[PDB]
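A lone chain, given as structure tokens: the form deposited in one PDB entry.
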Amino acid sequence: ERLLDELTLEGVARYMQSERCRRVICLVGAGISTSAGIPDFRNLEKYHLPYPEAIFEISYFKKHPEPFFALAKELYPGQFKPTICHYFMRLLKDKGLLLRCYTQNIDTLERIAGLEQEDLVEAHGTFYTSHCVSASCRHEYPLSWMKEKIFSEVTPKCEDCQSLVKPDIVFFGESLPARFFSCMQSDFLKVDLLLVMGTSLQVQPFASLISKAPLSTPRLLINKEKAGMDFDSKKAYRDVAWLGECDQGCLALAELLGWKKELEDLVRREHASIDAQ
């Protein structure tokens, strides 16, 4: 099927406004959180890492966790404040359009923006909660405990069994949560639109999600750069790229949908609430 009239942001907006477009899946990455003061993870010289990527690999981390926690100290934001892009997804939720948000991010900003547990697949886990790595113990630790360890530069260690404590993030080389595969098996059978934001789709198996949708499902990319997507060839029929920052892409789309005022009000009242804490 051909569902978009034209392969443009205006085309996608018209499609979203039509009765046909009922359920939208968002697929999001690091680019949706850069304007919230969280840099794209993709001083440390003193650790003499075998290569830079070892810092996020589970095998390296379990034996040498210090570089990761050193980086965590530098990356840790002074505040957790979701972006315009996060609040665009909140609008999708409130308008009954959000089937699911699959996130690569560990920053909890989707939760803070008001997406509920059931709205979310936190594909790479979360920094919010932490656990001892020992299967026979699994002692839980809260963010305040983890933050204290990070800022004091004391490696997190279990108070019961002395094992390493890690944030509940999926390190490279670890399995994704069962929820990722369970939701994937259902959500991509019947979805009207994929909204792919702030990701270059370089991390597997998350990147494979775009191919799981029906062949007729239109797909909009909002990202600083291009990404099995076809925007430009003579065979292009359903994929649209909008190139720039995620906040500005979501503002442009919101304006076309007639949501610009609603989105700006939402961002401002929610930011005010967070700043008042």
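Each form is matched to the other, and the largest set of C-alpha atoms that superpose within 1.5 Å is called the rigid core. Position 1 is the first residue in the sequence shown; the rest follow in order.
Although it is not shown, the form deposited in another entry is what the next lines describe.
Looking at CA displacements between this form and the one not shown with the core superposed, a shift of 2 Å or more is confined, among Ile150, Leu201, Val191, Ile84, to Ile150. When two forms of a protein are overlaid on their rigid core, residues whose CA moves 2 Å or more are considered shifted, and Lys95 is not one of them between this form and the one not shown. If you fit the rigid core between this form and the one not shown, you'll see the Cα of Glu118 move by less than 2 angstroms. Relative to the superposed core, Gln104 shifts its CA atom by less than 2 Å between this form and the one not shown.
With a change of no less than 3 Å, the CA-CA distance between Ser144 and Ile84 is larger in the other entry than in the form shown. Put simply, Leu120 and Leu75 come closer in the other entry: their C-alpha atoms are 3 Å or more nearer than in the form shown.
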